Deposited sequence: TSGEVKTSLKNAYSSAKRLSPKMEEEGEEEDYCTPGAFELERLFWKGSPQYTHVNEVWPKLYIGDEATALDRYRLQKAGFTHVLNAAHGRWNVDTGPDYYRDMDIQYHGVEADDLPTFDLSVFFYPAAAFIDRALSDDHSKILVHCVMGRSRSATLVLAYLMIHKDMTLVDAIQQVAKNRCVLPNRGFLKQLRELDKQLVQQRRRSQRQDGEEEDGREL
């Protein structure tokens, strides 16, 4: 199916290809951030070898996923500066760490858009478990996916960054 693109389109890739703006992206090995369409398309998830879905915008159900050997968890968060997502940094990060402990695992962290809530949980994960500063973490994720945590989530990540340092 793939064919080598012509020059014009290769040049677009050098200029506009990165960070890519898509439904889902891998932001760290075996760790994907995506939107709702990606989480709901369960035939794609299973064929892509996915093993874990973390919904930072929990309704669908674990029965939707449990019929395919996918561990699900939903954090019931709103994408509003008045939601304290920091309440979930440690347990979401623990979920992600546990999943990535096994080599066979591939995890999708998602929300509606996959730009704010989910992004903030993966940032927190990288900080707590991969010894990253908030700046290093943002560089890791943002090069792979256009993300923008809301102003409140960002304040929360700054406070986590202060505690970790």
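Stretches of the deposited sequence lacking C-alpha coordinates, numbered from 1: 1-30, 89-93, 201-219.
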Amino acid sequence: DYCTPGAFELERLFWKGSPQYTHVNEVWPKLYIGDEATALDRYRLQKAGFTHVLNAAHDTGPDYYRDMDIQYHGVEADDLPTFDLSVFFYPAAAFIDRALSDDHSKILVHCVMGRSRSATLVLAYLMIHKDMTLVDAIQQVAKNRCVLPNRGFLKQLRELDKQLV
From here on, numbers count along this sequence of modelled residues.
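Look at the C-alpha B-factors of 112-120 and of 47-55. On average they run higher in 47-55. Relative to its counterpart among 135-143 and 100-108, 100-108 has the higher mean temperature factor, C-alpha atoms as listed in the PDB entry. Residue 61: CA B factor in the highest third of modelled residues in this chain (values from the PDB entry). In this PDB entry, residue 72 carries a Cα temperature factor that places it within the highest third of its chain's modelled residues. Sort the modelled residues of the chain by CA B factor and residue 26 lands in the lowest third. Residue 36: CA B factor in the middle third of modelled residues in this chain (values from the PDB entry).
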